[PDB]
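Single-structure report; data block below.
Please treat every number below as a calculation from the coordinates, not as lab data. Cβ coordinates were reconstructed from backbone atoms using ideal geometry, including for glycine residues, and neighbour counts include every protein chain displayed.
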Amino acid sequence: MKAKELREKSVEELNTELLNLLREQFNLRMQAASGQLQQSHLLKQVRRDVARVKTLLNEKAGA
Amino acid sequence: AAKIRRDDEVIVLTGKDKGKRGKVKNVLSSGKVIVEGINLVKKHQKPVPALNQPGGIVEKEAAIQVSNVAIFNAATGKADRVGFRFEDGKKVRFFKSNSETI
Amino acid sequence: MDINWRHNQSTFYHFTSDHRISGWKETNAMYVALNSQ
Amino acid sequence: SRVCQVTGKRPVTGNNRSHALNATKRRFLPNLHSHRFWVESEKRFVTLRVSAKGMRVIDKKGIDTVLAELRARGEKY
Amino acid sequence: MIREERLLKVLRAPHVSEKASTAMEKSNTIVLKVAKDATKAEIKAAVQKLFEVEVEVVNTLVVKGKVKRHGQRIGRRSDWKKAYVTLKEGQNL
Amino acid sequence: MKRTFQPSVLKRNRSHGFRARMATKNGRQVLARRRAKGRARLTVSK
RNA sequence: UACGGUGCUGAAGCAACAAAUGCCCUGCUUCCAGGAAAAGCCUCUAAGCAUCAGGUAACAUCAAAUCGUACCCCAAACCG
RNA sequence: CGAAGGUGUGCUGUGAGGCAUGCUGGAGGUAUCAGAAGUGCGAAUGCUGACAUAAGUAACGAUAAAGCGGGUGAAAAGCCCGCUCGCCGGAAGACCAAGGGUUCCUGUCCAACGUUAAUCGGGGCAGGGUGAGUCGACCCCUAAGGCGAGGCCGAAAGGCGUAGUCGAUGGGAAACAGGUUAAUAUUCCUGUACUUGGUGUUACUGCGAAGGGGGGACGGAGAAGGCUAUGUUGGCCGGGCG
RNA sequence: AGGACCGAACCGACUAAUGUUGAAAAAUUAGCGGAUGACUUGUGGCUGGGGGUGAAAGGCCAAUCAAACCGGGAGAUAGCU
RNA sequence: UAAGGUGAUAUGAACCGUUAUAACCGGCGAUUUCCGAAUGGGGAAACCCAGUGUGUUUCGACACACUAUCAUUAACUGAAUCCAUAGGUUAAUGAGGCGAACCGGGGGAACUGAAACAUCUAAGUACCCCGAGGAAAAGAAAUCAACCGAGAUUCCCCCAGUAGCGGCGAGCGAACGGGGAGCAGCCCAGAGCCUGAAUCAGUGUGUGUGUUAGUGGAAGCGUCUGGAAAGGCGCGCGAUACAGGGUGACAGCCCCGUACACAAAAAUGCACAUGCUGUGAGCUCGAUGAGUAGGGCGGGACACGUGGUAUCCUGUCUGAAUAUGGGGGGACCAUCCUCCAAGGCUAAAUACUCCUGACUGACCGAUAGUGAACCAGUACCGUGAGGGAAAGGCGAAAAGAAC
């Protein structure tokens, strides 16, 4: 997912931005630190995916 | 690129297994390879009180050097060195001595 | 222990005290010198 | 500092020599005086810290040319 | 108001202990590890909006990191912040 | 007996601390020698 | 009563006298050696603003952030 | 089919030395003839490391003092519990500041640390623990003093200093009782409070300063008077009649 | 009233003994002086090396003082060991 | 580029990838908390406290940006005072700090030597301070030479431990001239003719080459000892490749490489070519650097210590001629020769190595070589500046010892 994020509008990367943080990131920090979450790789891939959305969002907004 | 690689059948050139064929299990970035049924060490490990306890003397394979193996030709039935040629933009390996692409 | 032993051998290397021999050792050398004069 | 504002005379260094030639360090100082110069073209008194041969060169070159040199080299008067 | 991007990064873990446990089962307070730069307004707003409960008041201490060692190599852990979040009478989590 | 080192953090810092080494020419040269010697702690700050 | 305690219940709960180096007291008396400053605080107005702004009073409502808080501290934890 | 090195033996040269070989070792050595030297150690109160000696010797850190029973343990003079005994009690008690920085509390281990043993510990390992509108800091204000735009001065670096700006050890708003944790509490809980700002409504209304005045605002000693903390005794209440 | 008197805290340090490879690189014990003052103490500040400060001893200036400490000139120089 | 990866101690768990959007390598971007010149004010560095403006469909709270000083320039304001200057406000541009050595300049010791010591030496060294560059500095004759000539500066070998200076002690010590490295000349003080004429500087573009990833890269088997072969023995092959490193002992032919031949989407350094802008060629005529040269006094630099001392620099007092003129030619005068100060620019030869790459050593091999082969400027010591260690090697492979 790098062209897929590249082909939306600024509003839609703000939506999937807030959903990467909201649904994914926070619930996996809470789920990870409360004994659950066997699958730990999700933390990494979510974090890098927020990096992609902020990158494309900085590239799309202005310069 | 790398001459001996992952799913490949080799023969062993030096030591304890000289002339034994076998398939490469994996290949370690130390420049070593683990080849099945070849460099068998008799480890004996402790039954850890965590998840399952085998105990005993487990006979594993050890990593031999990449330079101690060469891939088995099977058209001549001997060891053979590997080169790299280009075919249709693909860098392919080929056997030396009959020049056959692998 | 080795560091404390090197520093605690290095204790009286720059001393001044004249009535004490080597900075620390008590003696009567003031009276010995003084009586020699 | 003791610098003539016209000629740029710093204090320099030297020796007190004696009759036995014993060298000692000294400073030669300029003859710095603070004199107030009438400029007619501006109708004002510009006060400068000149030497006593900065006044010779002001008497010869004129005060306007000298002030043009100080304004030229960024010396503020 | 506090933006939601800030407000997600503040809460970090629920704190499990016996002081925490007796605080929940005896005085409505949930104890949780927060961001080190998180203020009490941020923690209150983030529990209001991320566990959808009603917070009465927050009390924040900062816990100092312990100097441990591996072998003969020391190291301080890391300071964190612990928030005692006193909820109202209607709550579950 | 009252030994020489009677510690105070405020005098440690006002005297030998970083904002006090940086405050003058020669303390900046001190910091330059401590950085050049390559030193884990430059001043005594904490 | 995992004898470690844990809950429940709980009477009287007054007076006299003595009394500080603490409080009234930043007082009072006295003495020369003649005993910080600036803000908060209370007031006065100038420029300005004048049926606005501001001030006062009552009521309501919101806010009071941040860092320290363990433990030793005449000492086996500080300086030696 | 065993190098250097190490350790013995045998032979040999006038000597420094050489040669052969057993055992250890486990991978390098080097003829001859030349070349270059960090080229030869017993001394330097030589430098560094190791190991002796005195020597199983002095000592084991206040002459406040211990005794017994029981428990745990592989093992108890020292740990835990109990009963006695002694010591401090204007301290050897309690609370802080400075300073330290997890030593606090719990479980667990006894290698080293503890001048002995240790099951114990301020030791090792792991987990826990520090909750504030009212306490303190930050903050507002300043003293000594620092720094200091401009500025005056000075070979350069820099010195001094005006406006200012910092600087507490001083001045400035407000919370007490009771309960609770193994470990925090004027912070948590219960009860009862108080303070300062913002905003809104309503009623009345002249408000307004890096400006004026007051106040803050402040010595040593002494003397009583009125109190309180606190204590003693009686009454009351509960228990005992040895 | 008092650089007043006796005497604890507090500041000091006159004598003796111990200690002198100490419990302690200046103390302990028993006595001792001052103890409303030219006192004592906390916190901060200022003065710096031929310089400070000194009720003056050549005292003190981080267990160092007839010229601190650190670094450098520097492998000073040593007709001496 | 790729069949394997998610850095190490350091294994695990959870996964990603295998013909291409795993991972790894490179170019260019994005993000880049706080402290630090630190720059909004302050401060005990990594913290405390703001102001201003813009925006925020819960705008009772948030988010972003700007706000240091100084120099220069401009605009608007603006005292004593009328005009005006000082001052004030705002904007634009630049600077500030760090860094090992080399370089120029401002200051500048003493120990030491003289067998004492004061002139002298050490020594314009150590050190302090300012400034600059990839080099700096110097530089285009008011220079030598010597009646012949040379032709800017810098560096190297002689000259030559020479002439000289010197309590004529200790010591200091040239130039002329010769041989080389390198070679380059110009502009303003000034008008007219004439214009873009060479010249460089700033940029675009094109070409060539280099850097930053890479690709291909020859040729061996049998037998004996052995734990293991690259070793012994026997027979082959490569070489523009027998530099080196690893592989279970010593490998040209096992592996990585080496010789050799190629490779860049992008960013770049250098060199040509070329577009634009700025800049000025060339001709005639004129001018041709005044508190200056020189002097008196004091001091310094010149190898030269005031001496018979030329020359240069200037703190102080003075003070010309200005091409029918002036400086020098080692006191000084005359004759003769040579040159044109009081304005400035200028490449190369030259000096150095914080840092990068490749290669090399009759350099060291763990008490040596860096203080530091190892998580070393660390532990530790000291208030501080500062001082400053010790510590490498199981094995071929952890098969690192089940029971």
Between the DSSP loop rule and a limit of at most 15 other Cβ atoms within 10 Å, which GluC sites (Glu not before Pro) in chain D are left?
-> D:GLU40, D:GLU42, D:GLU75
Under 14 Å by backbone N from the virtual spin label 7 Å along Cα-to-Cβ at E:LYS64, the residues of segment F:7-46 are F:46
Express in nm, to one decimal, how much length is gained between D:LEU70 and D:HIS35 on full extension, taking 0.36 nm for each residue of separation and deducting their alpha carbon distance.
-> 11.0 nm
Could you run the Karplus curve 6.51 cos²θ - 1.76 cosθ + 1.60 with θ = phi - 60° over segment D:42-47 and give me ³J(HN,Hα) per residue in whole Hz, x for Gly and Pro?
-> 9, 6, 8, 9, 9, 8
Give me the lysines in straight-line cross-link reach of B:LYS18: C-alpha distance below 26 Å, same-chain residues under 8 apart excluded.
-> B:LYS3, B:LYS32, B:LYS42, B:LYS43, B:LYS60, B:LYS78, B:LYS96
What whole number of Å gives the distance from the Cα centroid of segment E:1-62 to the Cα centroid of segment C:1-31?
-> 62 Å
Over the Cα atoms of the protein assembly as shown, what Rg and Dmax result, in angstrom?
-> 42.0, 114
For chain D and segment A:2-63, what is the separation of their C-alpha centers, rounded to whole Å?
-> 73 Å
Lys pairs under 24 Å by Cα in chain D, provided they are eight or more residues apart or on distinct chains | 13
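Cross-link list E:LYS9/E:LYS88; E:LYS19/E:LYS66; F:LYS25/F:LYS46; E:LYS19/E:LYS40; A:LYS54/E:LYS82; E:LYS36/E:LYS68: which exceed 28 angstrom alpha carbon to alpha carbon? Don't skip to the answer; put the middle values down first.
Values: E:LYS9/E:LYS88 24 Å; E:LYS19/E:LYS66 20 Å; F:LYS25/F:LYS46 23 Å; E:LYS19/E:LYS40 20 Å; A:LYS54/E:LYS82 30 Å; E:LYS36/E:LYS68 21 Å.
The pairs that break the limit, which is 28 Å between Cα atoms, are A:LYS54/E:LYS82.
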Cα long-axis angle, helix F:25-37 against chain F (0 to 90 degrees, to the nearest 10) = 80 degrees
Coordinate range along principal axes, alpha carbons of chain B, Å, largest first | 56, 29, 20
Over chain D: helical MRE at 222 nm, DSSP H runs n ≥ 4 each giving -39500 (n - 2.57), nearest 500 | -6500 deg cm²/dmol
For chain A, the longest principal axis of the Cα atoms and the Cα long axis of helix A:41-60 enclose an angle in degrees, to the nearest 10, of 20 degrees
Only helices counted: for chain A, with every DSSP H run of 4 or more residues adding -39500 (n - 2.57) and the sum spread over all residues, [θ] at 222 nm is -18500 deg cm²/dmol
About its Cα centre, what dipole magnitude does chain F give when the only charges are +1 on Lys and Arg Cβ and -1 on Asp and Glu Cβ, stated in debye to the nearest 20?
-> 80 debye
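About the Cα centre of chain E, how large is the charge dipole given +1 on each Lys and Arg Cβ and -1 on each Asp and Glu Cβ? Please answer in debye to the nearest 20.
The dipole of chain E has a size of about 900 debye.
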Kindly identify chain E as rounded, prolate or oblate by the Cα gyration tensor criterion: order the square roots of the eigenvalues as a ≥ b ≥ c, call it rounded if a/c is under 1.5, otherwise compare a/b with b/c, prolate if a/b is larger, else oblate.
-> oblate
What longest region of chain E stays clear of GluC sites (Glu not before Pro) that DSSP places outside H, G, I, E and B and that have at most 10 other Cβ atoms within 10 Å?
-> E:1-51
Difference of contour (0.36 nm per residue) and Cα-Cα distance, E:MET24 to E:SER78 = 16.8 nm
Taking 7 Å along the Cα-to-C-beta vector as the label spot, tell me the F:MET1-A:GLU8 distance in nanometres, rounded to one decimal.
-> 7.7 nm
Measure nothing fancy, just the Cα-based angle from helix A:10-19's long axis to the longest principal axis of chain A, in degrees from 0 to 90, nearest 10.
-> 0 degrees
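Fewest to most neighbouring Cβ within 10 Å: what's the order for E:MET1, F:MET1? Each step should come with its number before you reach the end.
Working: E:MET1 6, F:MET1 2.
Lowest to highest Cβ neighbour count: F:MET1, E:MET1.
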In whole percents, the bins of 10 Å from zero upward hold the Cα-Cα pairs of chain D as 18, 43, 20, 12, 7, 1
List every residue whose amide H lies under 5 Å from the amide H of D:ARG26, counting only residues 5 or more places away in sequence or on a different chain, with H placed 1.01 Å from N in the peptide plane.
-> D:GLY14, D:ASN15, D:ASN16
For B:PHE72, B:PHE94, ascending order of other Cβ atoms within 10 Å (fewest first) is B:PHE94, B:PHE72
Sort C:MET1, A:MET30, A:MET1 so the one with the fewest other Cβ atoms within 10 Å of its own Cβ comes first.
-> C:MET1, A:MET1, A:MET30
What's the local net charge at B:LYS23, with K and R +1, D and E -1, over the other residues with C-beta under 12 Å away?
-> 0
